[PDB]
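> This one is an experimental structure. Sequence first:
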Amino acid sequence: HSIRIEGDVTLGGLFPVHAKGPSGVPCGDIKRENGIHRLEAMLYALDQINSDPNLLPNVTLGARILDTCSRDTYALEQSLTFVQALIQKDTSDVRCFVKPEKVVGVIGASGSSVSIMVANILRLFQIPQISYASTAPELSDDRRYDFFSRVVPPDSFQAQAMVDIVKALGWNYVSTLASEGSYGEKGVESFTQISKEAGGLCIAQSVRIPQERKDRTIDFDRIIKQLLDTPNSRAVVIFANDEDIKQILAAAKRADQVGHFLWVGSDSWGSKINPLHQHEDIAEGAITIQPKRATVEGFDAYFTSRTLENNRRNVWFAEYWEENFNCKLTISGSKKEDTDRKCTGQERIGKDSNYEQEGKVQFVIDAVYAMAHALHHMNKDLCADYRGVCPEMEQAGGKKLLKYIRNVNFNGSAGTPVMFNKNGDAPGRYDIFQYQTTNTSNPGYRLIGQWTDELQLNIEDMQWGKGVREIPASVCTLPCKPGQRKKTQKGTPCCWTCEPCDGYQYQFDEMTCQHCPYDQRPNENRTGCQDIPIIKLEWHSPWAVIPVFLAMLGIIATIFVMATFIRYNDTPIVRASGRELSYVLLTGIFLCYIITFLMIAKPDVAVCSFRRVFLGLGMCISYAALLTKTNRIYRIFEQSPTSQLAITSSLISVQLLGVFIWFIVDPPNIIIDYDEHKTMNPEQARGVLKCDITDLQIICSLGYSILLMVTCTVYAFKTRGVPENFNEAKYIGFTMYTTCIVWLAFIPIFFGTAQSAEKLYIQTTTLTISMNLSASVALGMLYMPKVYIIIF
Amino acid sequence: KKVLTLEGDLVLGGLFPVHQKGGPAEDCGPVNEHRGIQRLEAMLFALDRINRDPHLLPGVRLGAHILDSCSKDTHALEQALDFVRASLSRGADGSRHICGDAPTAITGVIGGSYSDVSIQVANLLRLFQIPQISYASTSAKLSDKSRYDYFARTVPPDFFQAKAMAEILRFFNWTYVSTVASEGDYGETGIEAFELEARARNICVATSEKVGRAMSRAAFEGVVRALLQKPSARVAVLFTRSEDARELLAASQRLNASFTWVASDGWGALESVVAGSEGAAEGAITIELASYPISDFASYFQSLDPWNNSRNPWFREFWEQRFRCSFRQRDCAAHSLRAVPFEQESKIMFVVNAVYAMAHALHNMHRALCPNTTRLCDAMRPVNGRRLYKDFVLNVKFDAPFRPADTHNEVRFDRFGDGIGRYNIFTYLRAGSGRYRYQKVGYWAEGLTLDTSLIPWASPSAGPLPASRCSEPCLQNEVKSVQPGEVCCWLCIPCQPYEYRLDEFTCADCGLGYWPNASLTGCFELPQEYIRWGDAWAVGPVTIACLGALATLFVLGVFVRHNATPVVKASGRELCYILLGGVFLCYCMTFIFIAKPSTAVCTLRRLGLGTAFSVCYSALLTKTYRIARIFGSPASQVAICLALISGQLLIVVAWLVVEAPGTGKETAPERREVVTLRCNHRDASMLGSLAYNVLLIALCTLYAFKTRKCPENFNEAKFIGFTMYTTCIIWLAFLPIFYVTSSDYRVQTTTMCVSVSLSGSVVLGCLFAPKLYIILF
């Protein structure tokens, strides 16, 4: 029996005052407390709306309440009862006539499945449906339901809140857990759909909860085991009902896992004490969500002063008293044989029954208020100049009503405002609940913060607050970001194996490692190929000390030969020998010493522009004096110092044009370091550098001295045959042979020495030492006669 | 206001739009003669034949509860609400009269000619546990079973024609076809299905546009210009309806350019509306639903009279309208229906197929539920409405009735609630002598079967069929491109001419000279030959070697004959013979240097070129040394030359045992012979030691030449010195020639051979001249 309330404009209503237990009858005799505390709230909303001059003063608001106990056909019949009165043809049925009233909207669609079947027929006609307890989010689309407007946030808003609360609580990967055959399946579907597009959110595992058999608990023991298999995964979200939540918490308690993964609950969990009993370990960290549960004091005041004499508008309240503590009614029905006590005489038993106003009770008042405000907007925009209700409502459509319902931003029964989005869904106003036992001993769900559009919570709400909100934030392994890594992702999502790249490549923005140009290598941090000044060959103690001393020892010999050269012109010993020969030998020795000392300085662009010819000029100057001496002793031995100087200048000019030619080949530059070793902590390795000097160039430069030495030896072979002039020719021949032997040993040091990376600091030093030894031997052999003459 | 009902055991229902949308004031306008009455009488005759069929439904007789929707939305809802009101449990709401008929359950709701009415009826009936099959519903909107569960259309929707379009396009080998659609919802879903099927068949699409109906001819001109302004094919796709296709063909005719195109069901035949543009549509193939005429239905409709058939008020109004009169004047009896010809549409077949499909499903479910009884059993009194649709309506195998014997339809319902479609391909045949008219070529029952001989352009006699390939296939040449974006059709781009086809996208090189006859396999350097140098170029070196050998033999013969001369007696006769033998060995080395190149060949040529040079150099050095020593024993002079050449022999032997030559050919240019030129030994320290030894020998010879006071054989000594200087100059010239030709292939070897031959000839003629002056002159 439906509820008829007189009024110019009436609203529909679908409220489940019965149950769908027995499948034979359409609705069971038993009633539900949640389904009976909502239609009375709608009646109160209506009789308070048509009572004040600020809301529909000129028109009264009627009601049309029908029962729908979540049936596929009976609820469908009651929903079709609304549009039957709109047409009201009834031309075929004749009995031997009534005044029908159209409905502007419905405040029904309580059950999740009833909403779809009601809106499907309500979409065809121009009558919207304002649901209040719908949970299934698949009806949030406008292409399939354009005449639907939810006053409660769908499960998609819950999934968005979960995403926002996981992104803002450290960890990024979470193992989801939901149960099929209920709102949990759609909830986890929306969660995955919104996490795939979300950036920075990861899914660790997805497991289903079977609701076929739960008493054996053989599945829950296996679920908690495979959840612990994955490493460092401590975040789990639950979208199932409380029934299996109790069992899974009991299983986690009896198992006593070493992982101690924190739980994340849904609106089903909320802030109830039923699932957990004396469970402190499993409850720690159980951060759970729950929408705003407001209380309307007006509804409580109206629901206490109820009697069987004044509440005659509804027909189900007469038989509603049968759901009390074993009491019935005898005015209309027959008393049961089990109990004969009557509870009609007093209503204090209802107060003693400890009833509580459900959270969904205030969700039917704001819907009626929103439709009343839409009708008020209609009246103000269409017929604001009429005494009562205007005739422009019967000939109107549902499109304008939907448009007026969409832009509704008024404050509902409680202090929170109610509004509708473009898809007819109210914004999610959720409250974050976390269980804590350290700060307080009694069981509590102390609120963290509110979730309306952003995150306004307390990060330091927990007593510890040190790192417990960061322990499940991982990259599928230990956090690896010390400055040398390589993020390579293959197969596994949002994770990469902690492995470094090669030592010859440095990372760039922690993404990839690439190779820098030559003479550069990554540092100890593998972040960039830094630049460092090259090494120098000046003041080397371990090895260069001996050649440095050998080169410095020649200064005294050069100073003694220079002073003795232009001096003692009276004695005939120096007059018999060529005066220019001694000067040429001294100049050659000085040039050789300068060339040996030039290797200490670091070569540059301008240094080897003049140092590339100083080494070659020194070797050729020394051999000129010996050639002049052999020419003189050959001219004197038969059966010219002027021509000797010209020959020496021509030999030097042949070397000058030559070095100019081999220098005009390439501009004077610096060569890069040559090495093939690994990279160590001192990034500034032994970067020895020089100008364009190689083995072929050195061989071409020393080739001219080889022929001169060969000619000197060939001349000395015959000069030593005839001994004369105090065996001076024999001494010259011995000196030439010693010089040739020293030059022969130098060629073997520079040949085949390819098994040493320090050749630039060994072979050049050995060659300089050999040249200095030859020059010193020549100077000692030449200055011996002058010393003997000075002594005697 | 009017409802047609027929008494029956299992009464069905019908929603045929008899009127059209009039306007806001009136409910609906006058009835239509084609889509509202003829289909109604068609389903009535089909139901009467069902009731009189002994093999189909013998025990149970089905009725009809048919309603009219007036081709509106709210009217369609209000009329379709009766089918459910008859099935409501409560039926009538409790009320008190201010002062009859009982609802009859309806199983079938066969009806719906438009898209919106069918959508609304399916949305209302999906949830009330009642099946509903349609006869004219070609929109792809009623395809998602989540929104329309109970719906099984007997007509194939327009988006099924995408498969036939793809079959046609693949039959004629067309790739770069273009397409055009409408901005309507049906047009966009049809073109989306077309793109889906083309991507499934890997068919490219040039352009995709949506033309409207409320635009002037300027927009059509612009869109056809944008279509034909990118020429890469000659075939297009016309998916729009006839009202737009007529103006599109008119615009194309205004362009004076015509081509071939395919047409959807909108332009199946439509010969009367587009008869203005006959030139543009000269070559085109269309798609039209198969509609065989029904002789029984035609004879039934032609013999219909309101006096004999008064159970249909809509038929009475249609008779009043088609034969305009007034029943008050009683002038309608004079008019006869046989005077005007009867035109049958293509939807009568659909309505009879739908009602027969539902009757067959009812028969199958009645046989599977209660076959022992022929009338409705107690279990079948209430129709479930869901199992009948899921198991029996969808899974039906009945044959199409009232059809000619030579044709077979076999219409069925798939898993999506859609009827199997038979499309006849109509082509516009050019008839200059007569009149332009269409011609059927093939059908699309299951697979595309059409004859190319009947099609004018497809027949080989008229010419080759127009192609739609964006590019032309290329032979074994430059590879196909791998550029992204335009991956629908391929184009092969030019490579470097010295590369082969490594793959279908990679363009590498593995060998030139010989063209690989295979597709991809086969790679070799070159089938090289034994001899590479030409006979004309090598003739000069052979002639020079022969002249040098003949000159040496003549000098040796003159010295042997004139052995008693005082000049040769007091000289190195044995040394002269050794020098002659060495000069003769020089011609053998030069000839061997132009033989078949190989490892042993190159080593032998190098060894000979070194040994002959060292031998003659040692001989001349010993001669000058003796001349300088005596003037300022033969065994010692003969052994010192051997001891001197032993050093070079040991050096070359050490270099041979230290480095093993091979047959590794490295070619710098991209196209050159892989034949071995000289040897595998490149520039290394081998040539350095030989050059140093030659320079030392030349320096020793020049130093020994310093003597110039020779009183005996002064002319011979001067000639020997001039020969030594000339040989040194020739060696210095060959050194820069070898340095410049260090990259040459055969020019370097030719120059080296010419140089060594010239030096040998000069050294031979220098000594041959004094012998000629002594003996010949």
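Yep, it's here. Numbers count the residues shown, from 1 in each chain, chains lettered A, B, ... in the order given.

> make it CA atoms for all contacts and neighbour counts henceforth
OK.

> How about the residues of the stretch 151-300 of chain B by chain A?
For the stretch 151-300 of chain B, no residue is in contact with chain A (C-alpha under 8 Å from any C-alpha of the partner chain).

> Which parts of the chain are strands?
Just so you know, I chose chain A. Listed in chain order, the strands of chain A (DSSP state E) span A:3-5, A:9-15, A:61-67, A:103-106, A:173-179, A:202-209, A:235-238, A:262-265, A:287-291, A:430-434, A:447-451, A:506-508, A:512-514.

> Actually, chain B is the one I wanted.
Using DSSP E, strands in chain B cover B:3-6, B:12-15, B:64-67, B:109-111, B:178-182, B:208-211, B:235-238, B:260-263, B:285-289, B:423-429, B:437-443, B:449-450.

> Let's have those strands in JSON lines, adding distance to residue A:483 and mean neighbour count.
Formatted as JSON lines, the strands of chain B follow (distance: least, C-alpha to C-alpha, whole Å; neighbours: other C-alpha atoms under 10 Å in any protein chain shown):
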{"stretch": "strand B:3-6", "distance to residue A:483": "84", "mean neighbour count": "15"}
{"stretch": "strand B:12-15", "distance to residue A:483": "75", "mean neighbour count": "26"}
{"stretch": "strand B:64-67", "distance to residue A:483": "79", "mean neighbour count": "23"}
{"stretch": "strand B:109-111", "distance to residue A:483": "73", "mean neighbour count": "28"}
{"stretch": "strand B:178-182", "distance to residue A:483": "55", "mean neighbour count": "22"}
{"stretch": "strand B:208-211", "distance to residue A:483": "52", "mean neighbour count": "17"}
{"stretch": "strand B:235-238", "distance to residue A:483": "60", "mean neighbour count": "23"}
{"stretch": "strand B:260-263", "distance to residue A:483": "64", "mean neighbour count": "22"}
{"stretch": "strand B:285-289", "distance to residue A:483": "68", "mean neighbour count": "24"}
{"stretch": "strand B:423-429", "distance to residue A:483": "69", "mean neighbour count": "24"}
{"stretch": "strand B:437-443", "distance to residue A:483": "70", "mean neighbour count": "18"}
{"stretch": "strand B:449-450", "distance to residue A:483": "69", "mean neighbour count": "16"}
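
> Those residues of chain A touching chain B, which are they?
A:73, A:77, A:81, A:87, A:92-98, A:117, A:120-121, A:124, A:144.

> count of neighbours near residue 62?
I'll assume chain A. Residues near residue A:62, counting by other C-alpha atoms under 10 Å in any protein chain shown, number 20.

> meant chain B actually
Neighbours of residue B:62 using other C-alpha under 10 Å come to 21.

> try residue A:267
There are 19 residues near residue A:267, going by other C-alpha under 10 Å.

> ok, it - contacts?
Contact analysis of residue A:267 by C-alpha atoms under 8 Å, 6 or more residues apart in numbering or on different chains lists A:288, A:289, A:290, A:291.

> now it: how far from residue A:242?
Distance of residue A:267 to residue A:242, computed by C-alpha to C-alpha, to the nearest Å: 10 Å.

> Give me the longest helix you can find in chain B.
The longest helix of chain B (DSSP state H) is helix B:599-630.

> And the helices in the stretch 501-650 of chain B?
B:535-561, B:566-569, B:573-592, B:599-630, B:634-658 (DSSP state H, counting those that start in this stretch).

> Show me which residues of the fourth one are buried.
Residues B:599, B:601-603, B:605-625, B:627-628 are the ones in helix B:599-630 that count as buried (16 or more other C-alpha atoms under 10 Å in any protein chain shown).

> how far away is the residue of chain A most remote from its centre from chain B?
Of all residues in chain A, residue A:639 has its C-alpha farthest from the mean position, at 101.0 Å, by C-alpha atoms, centre = their mean. Separation of residue A:639 from chain B (C-alpha to the nearest C-alpha, to the nearest Å): 11 Å.

> Tabulate the strands of chain A in a markdown table, adding columns for distance to residue B:223.
A markdown table is the format used below for the strands of chain A (distance: least, C-alpha to C-alpha, whole Å):
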| stretch | distance to residue B:223 |
| --- | --- |
| strand A:3-5 | 62 |
| strand A:9-15 | 52 |
| strand A:61-67 | 57 |
| strand A:103-106 | 47 |
| strand A:173-179 | 52 |
| strand A:202-209 | 48 |
| strand A:235-238 | 55 |
| strand A:262-265 | 58 |
| strand A:287-291 | 55 |
| strand A:430-434 | 54 |
| strand A:447-451 | 53 |
| strand A:506-508 | 51 |
| strand A:512-514 | 49 |
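
> Pick the most deeply packed of the helices of the stretch 501-650 of chain B.
Most buried of the helices of the stretch 501-650 of chain B, by mean neighbour count (mean count of other C-alpha atoms under 10 Å in any protein chain shown): helix B:573-592, with a mean of 20.

> which residues touch it?
Here helix B:573-592 makes contact (C-alpha under 8 Å, 6+ apart) with B:541-542, B:545-546, B:548-549, B:552-553, B:555-556, B:601, B:605, B:608-609, B:612-613, B:615-616, B:619, B:638, B:753, B:756-757, B:760, B:764.

> Also stretch B:731-742?
B:747, B:748, B:751, B:752, B:755.

> who touches residue A:784 in this structure?
Taking C-alpha under 8 Å, 6+ apart, we find residue A:784 in contact with no residue.

> Distance of the single nearest residue of the stretch 201-350 of chain A relative to chain B relative to residue A:321?
Nearest residue of the stretch 201-350 of chain A to chain B: residue A:315, at 15.1 Å (C-alpha to the nearest C-alpha). According to C-alpha to C-alpha, residue A:315 and residue A:321 sit 12 Å apart.

> do residue A:135 as well
Using C-alpha to C-alpha, one obtains 29 Å as the distance from residue A:135 to residue A:321.

> Of the two, which one has the most company?
Per other C-alpha under 10 Å, whichever of residue A:135 and residue A:321 has more neighbours is residue A:135, with 23 against 19.

> my guess is that one meets residue A:154, correct?
Yes: Residue A:135 is within contact range of residue A:154, at 5.7 Å (criterion: C-alpha atoms under 8 Å).

> how far is stretch B:460-479 from where the chain is centred?
12 Å (C-alpha atoms, centre = their mean, to the nearest Å).

> Give me the buried positions along it.
B:465, B:466, B:467, B:468, B:469, B:470, B:478, B:479.
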